[PDB]
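# Descriptive structure summary
Residues per chain are reported as follows:
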Amino acid sequence: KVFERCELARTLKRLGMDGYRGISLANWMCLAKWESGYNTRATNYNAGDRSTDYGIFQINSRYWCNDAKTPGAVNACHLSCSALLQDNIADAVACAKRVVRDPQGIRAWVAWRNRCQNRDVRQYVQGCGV
Ligand code: NA
């Protein structure tokens, strides 16, 4: 499914994302927008390392979830990558939280660094009443 902007903001807020590890809800929104366009079914296969990025947050199969086909895989979220392709994003949110508890935090996502970090992201939550 493709979440509508405010629908996702409210969902992430309900799931405890606002301020998680100091990450504002607007930053999570910016991350989701640039990673997947708010699409829970998005997948990006990287033929080089043979890993695939899954779901709304584009979490990678080499370090975070198991897709049973990625070389050098550690499954830090102890979770099937299939759980990251569900309309229900609770599993994805729990894994996203695990990712950001590592030293880099949300900087783990290159797209977020390039399109969101240090920039005004207030437009992502404006009018959502969150
Ligand atoms: Na893995």
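The record lists X-ray crystallography as the method behind this PDB entry and 1.8 Å as its resolution.

### Digging into the environment of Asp 91
Among the secondary structure elements, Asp 91 is positioned in helix α3 (residues 90-100). Given the relative accessible area of 28%, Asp 91 is considered partly exposed. Linking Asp 91 and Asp 49, residues 42 residues apart in sequence, is a C-alpha distance of 25 Å. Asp 91 has contacts with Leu 79, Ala 83, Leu 84 and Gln 86, leaving out every residue within four places of it along the chain.

### Quick notes on the packing of aromatic side chains
Summed over all chains, the structure comprises two aromatic pairs. Taking the centre distance of 6.4 Å and the plane angle of 80° together, the rings of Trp 28 and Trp 109 count as edge-to-face. Of this pair, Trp 28 sits in helix α2 (residues 25-36) while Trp 109 sits in the loop between α3 and α4 (110-115), and the two are 81 residues apart along the sequence. Across this residue pair, the class does not change: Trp 28 and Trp 109 are buried.

### A short note on the environment of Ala 26
Among the secondary structure elements, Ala 26 is positioned in helix α2. Judged by relative accessible area, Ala 26 falls into the buried class, the value being 9%. Spatially, the C-alpha atoms of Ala 26 and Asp 67 are 29 Å apart, while their sequence positions differ by 41 residues. Apart from the residues within four sequence positions on either side, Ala 26 is in contact with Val 121, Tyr 124 and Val 125.

What counts, and where the lines are drawn
- Residues numbered from 1 in each chain as written, not as in the entry; some residues may be left out.
- Heavy atoms only, no water.
- Helix = DSSP H or I, 4+ residues; strand = E, 2+ residues; numbered from the N terminus.
- Buried < 20%, exposed > 50% of the residue type's maximum accessible area, 1.4 Å probe, protein only.
- Contact = heavy atoms within 4.5 Å.
- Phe/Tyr/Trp six-rings, centres within 6.5 Å; stacked < 30°, edge-to-face > 60°.

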